[PDB]
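One chain follows as C-alpha cells, the form deposited in one PDB entry.
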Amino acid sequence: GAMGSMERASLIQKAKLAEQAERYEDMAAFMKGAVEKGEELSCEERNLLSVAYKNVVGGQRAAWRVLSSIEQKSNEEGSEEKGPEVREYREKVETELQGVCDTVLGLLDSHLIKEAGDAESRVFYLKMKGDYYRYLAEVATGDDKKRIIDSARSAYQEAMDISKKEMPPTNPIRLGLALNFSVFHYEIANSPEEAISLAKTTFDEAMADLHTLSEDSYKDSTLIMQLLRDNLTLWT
C-alpha cells in the first residue's frame, strides 16, 4: 500500500481535504490506507469511506451507461459498423469499475465486517457489501451473474435481519439499507413487487416512529423517507 508510511490520522485528515476539493479518487485512496491500518472505523470514518467510493464508482457507472447505450445503438439493425472501439472502451471502463468494486469488497472482507459487532457498524458494512455486489451485477453477463446477484441479496438480507432486530424503524442506516435493497429488487432481481412492498412497509413503519425523535433526528429520517416515496412514485 502506497499509504503505508502515512499516519492514520493524517490519512483521515487528507480524506476530508480531498472531499472539500472534490478529489474523490484521492479521498478513496486515503480512506483505503486508513482501513489498512487495521483498526476499526468510527462512525465518521465509515461515512468518509462510503462517500469516497460511492462518488468514484458513481462516475464509473454513469460512464459505463453512456458507453453501453452507444454500443447498443451501434448494434441495431441498420447501423454503420464502427469497429471494435466502442466495445473495447466500454470494456475498459467496465474493468476499472469491477476493480473498484473488488477493492471495496476486499476491504469489507479483510477485515471490516468480521470485526464489526455493533449494529450501526455491521449493518453499514453489510449494506456496502450488497451495494458493491449490486454494481458488479449491473455489468455482469457471464457464468457468475446469478452468483453475483445472490451475493448482493445475501449481504442485504443479513443487514436487514440485523437492522430489524437492533435498530428503530427510523434509523437512517436501516432506512437507506431498505431503500437500496428495494432498488436491488426492482433493477437487478426483476422483482418489482418486492421492491414496492419493501419501500412502502419501510416508509409506513418509519412514519409511525417519527414521534419519538428530536428535531435533528426527524430531519435525518424524513430525508431518506422522501427518497423511498420518490421511488414509489416512479414505480406506481
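Throughout, rigid core stands for the largest set of C-alpha atoms superposing within 1.5 Å between the two forms. Numbering starts at 1 and runs along the sequence shown.
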Check this for me: in at least a third of the other entries compared, is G99 absent while its neighbours are modelled?
no
Please establish whether a third or more of the other compared PDB entries omit coordinates for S79.
yes
Per the PDB record, is the mean Cα temperature factor higher over 207-215 or over 42-50?
207-215
Look up the CA B-factors in the entry and say which stretch, 196-204 or 64-72, has the higher mean.
64-72
Among the candidates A140, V104, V123, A155, give the one with the maximum CA B-factor reported in the record.
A140
By the recorded C-alpha temperature factor, relative to the other modelled residues in its chain, which third is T222 in?
middle
Based on the deposited C-alpha B factors for this chain, I'd like to know if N180 is in the lowest, middle or highest third.
lowest
On the chain's distribution of Cα B-factors, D131 falls within the third called lowest
Third of the chain's Cα B-factor distribution that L112 belongs to, per the entry
lowest
Comparing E88 with the other modelled residues of its chain, is its CA B-factor in the lowest, middle or highest third?
middle
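What comes next is about the form deposited in another entry, which is not displayed.
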Give the option from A18, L213, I12, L227 whose C-alpha shifts by 2 Å or more between this form and the one not shown; the alignment is on the rigid core.
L213
